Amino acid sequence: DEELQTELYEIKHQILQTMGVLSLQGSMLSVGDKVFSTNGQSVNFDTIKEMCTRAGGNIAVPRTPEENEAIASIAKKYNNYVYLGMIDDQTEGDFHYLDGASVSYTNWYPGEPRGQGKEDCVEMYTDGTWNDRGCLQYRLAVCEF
């Protein structure tokens, strides 16, 4: 159509308007094709996971420096550590994303991970570096869509 193309413009325009409003007001962060957001709650790993999937997203996990920095700023903003979408329950010391694939990008705080098999989750410090941790602490719920 010709009508299809102007309908698409309008749709794309309106999308960027809503994204713009949410962005301007700090409701979320856009990094490439990824949108990060938090409900401000501090809960444990399993709770965060459910909150995120209930909203149609997933517990956030950084796969690039820019994505890592985005999540870091939210952690900084809320002054709380953040549980990341990765665990090493399956095999010890081998952290994997929740789809089962092995993590590639890492930003471990020097010396980490250590403490080992008692600590199967990953938390992000407010400077963006990571620490392996037990999964029952109260951490800021950050989701990716």
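We number the residues from 1 along the sequence you see.
Look up the CA B-factors in the entry and say which stretch, 19-27 or 117-125, has the higher mean. It is 117-125.
Tell me which of 103-111 and 88-96 has the higher mean C-alpha B-factor in the deposited entry. Mean CA B-factor is higher for 88-96.
Taking the entry's C-alpha B-factors for this chain, is residue 58 in the lowest, middle or highest third? It belongs to the lowest third of the chain when residues are ordered by C-alpha B-factor.
Based on the entry's values, in what third of the chain does the Cα temperature factor of residue 79 lie: lowest, middle or highest? According to the entry, residue 79 has a C-alpha B-factor in the chain's highest third.
Mind checking which third residue 47 falls in for C-alpha B-factor across the chain? CA B-factor rank for residue 47: highest third.
Rank-wise, by C-alpha B-factor, drop residue 141 into the lowest, middle or highest third of its chain. As the PDB entry reports it, the C-alpha B-factor of residue 141 lands in the lowest third of its chain.
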